[PDB]
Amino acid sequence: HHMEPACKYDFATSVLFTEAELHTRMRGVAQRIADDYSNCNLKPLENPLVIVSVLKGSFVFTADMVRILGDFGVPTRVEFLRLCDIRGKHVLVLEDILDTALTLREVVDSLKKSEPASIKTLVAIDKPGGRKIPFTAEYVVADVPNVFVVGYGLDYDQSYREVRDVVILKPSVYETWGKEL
């Protein structure tokens, strides 16, 4: 007899990624970023990696990632969208989730008009099945099936971003909030 314990949060049916396994994946991604940008000569002030964070849900991912990137010797400067002369500089766009990729595609092609030295993308949650156009992020922290999630910046009607984990809400959450007139 399989014993399935109840979800840790009384508002969710399942926890997909905890804060701990998110950070460890990010410490792995940071090492790759530190290796790839090794030949770019990144220094604070003189030549930092321009982190372009896509508001709003990316603020949690951006806060943890730049501190983790700093542990691996990757100096950064942050910019928020939805800016700054990125001409000649290295740009790394950060999104909390990558679903249809229509937003990330428009932002990347926009920043390339200013001609940066290079430009890649790092997403915390990749939702590959929900894509409308072909798009691959250079760096992906974790992958999720085609199910709506919240937490770690991701929201449901601007709420539950504070959930430290990426979880799946109960259906009763949507109807209890739908019944509110």
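Superpose the two forms; the largest set of C-alphas matching within 1.5 Å is the rigid core. Residue positions are given as counts along the sequence shown, with the first one as 1.
In terms of root mean square C-alpha deviation after superposing on the rigid core in 9 other deposited structures of this protein, the stretch standing farther out between 28-36 and 47-55 is 47-55.
Across the other compared structures of the same protein with both neighbouring residues present, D85 lacks coordinates in at least a third. Per the record, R82 and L83 are separated by a gap of 10 or more residues from the deposited sequence that were not modelled. In this entry, 108-116 has the higher mean Cα B-factor, the comparison being between 108-116 and 48-56. Set 167-175 against 16-24 and average the Cα temperature factors; 167-175 ends up higher. Highest CA B-factor among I68, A124, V29, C40, as stated in the entry: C40. Reading the B-factor column for the CA atoms of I133, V147, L154, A137 in the entry, the top value corresponds to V147. Ranked within its chain, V78 lands in the middle third, by CA B factor from the PDB record. Per-chain ranking of the deposited C-alpha B factor places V93 in the lowest third. Among the modelled residues of its chain, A101 has a C-alpha B-factor that falls in the lowest third, as given in the PDB entry.
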